[PDB]
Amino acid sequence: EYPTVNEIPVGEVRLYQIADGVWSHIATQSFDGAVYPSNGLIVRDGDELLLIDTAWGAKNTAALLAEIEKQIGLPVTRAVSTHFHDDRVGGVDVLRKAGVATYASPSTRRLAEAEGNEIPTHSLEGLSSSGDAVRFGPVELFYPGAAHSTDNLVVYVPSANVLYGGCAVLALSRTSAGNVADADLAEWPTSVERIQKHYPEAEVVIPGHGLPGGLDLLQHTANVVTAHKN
C-alpha cells in the first residue's frame, strides 16, 4: 500500500500514515535522466506538526503543505533537514515564507550554502560528533557519522519506534550506493553500525528514497556500500 515512484507524477505529493501522529510524505523528481521517489516524515507535535525534510523542490514542497492541510489540518511550525542536498533542503524558502522555522546542523547549513542550495535558517546544537543525539520535540535526532554525506542525520520517533534513516539508509531495491558524490564510503558501514547499536528496537525503518522496511534495511545498506567500496 506504500506509494511507489510509478504512481506519483512529478509535482504531486502523497502522505502515508505509519502510526498515530506519524506520516511519511512521498514525492518524485526528475534527476540525472530518471524519475526518483523521495521520502520525508511528519510528526505530530501537540497541536502542531514537525516536518522532516522538504519534498525535493519548491513546487513539490508547496504541494506538500497543501496536502498536509487537507489531510491532517494542523500547522507545520518546525522543519528539520537531514542533509544538504536538494531533496532535503529544496523547498526551505517555501517553508520559511509559510511561517515554518527551518532547522539543520551547522555543518548542513555550511554545505547547503556552498552547494548553492537553500539554507535552513536555524542551527541545531549538540550534533557535531559521531554518536551525538538530541531531543527535538517529538523526535530524537542522531548524527551517526559520515555516510551518504558528511552531515547526514537520522531521526527516531520514540512513540512508535519509527527510525527515519534518510539517505544514509538505502531501500532494499537499491543495487548500488546511489549518488556517492558527497559520500564517505569508508565510514558509511561504521556509521550504519552506530545506528544499529543505538536503535535496536526500531519497528519501521524509512530510507530517503523508496519503500520502508524493517531493521534489515540497515544491514542491507552496509552490505551494498561495502560491495560498492570494494
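When you see a residue number, it is the position in the sequence shown, counting from 1.
Quick check on the record: does 31-39 or 56-64 carry the larger mean Cα temperature factor?
Higher mean C-alpha B-factor: 31-39.
Compare the mean C-alpha B-factor of 1-9 with that of 219-227 as given in the PDB entry, and name the stretch with the higher value.
Comparing 1-9 with 219-227, the higher average CA B-factor belongs to 1-9.
Go through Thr102, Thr82, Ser128, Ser149 one by one and give the residue whose Cα B-factor in the PDB entry is largest.
Comparing C-alpha B-factors across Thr102, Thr82, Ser128, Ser149, the maximum falls on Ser128.
Among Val89, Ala114, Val155, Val134, which carries the highest Cα B-factor?
Of the candidates given, the C-alpha B-factor peaks at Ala114.
Sorting by Cα B-factor within the chain, modelled residues only, which third would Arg78 end up in: lowest, middle or highest?
Bottom third by C-alpha B-factor.
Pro212: which third of its chain by C-alpha temperature factor?
Ranked within chain, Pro212 CA B lands in the middle tercile.
Please say which third, lowest, middle or highest, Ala19 falls into when its CA temperature factor is compared across its chain.
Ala19: CA B-factor falls in the highest third of its chain.
Taking only the Cα B-factors deposited for this chain, tell me whether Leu141 sits in the lowest, middle or highest third.
Within its chain, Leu141 is a lowest-third residue by C-alpha B-factor, going by the deposited values.
Relative to the other modelled residues in the chain, which third contains the C-alpha temperature factor of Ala160: lowest, middle or highest?
For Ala160, the deposited C-alpha B-factor lands in the highest third.
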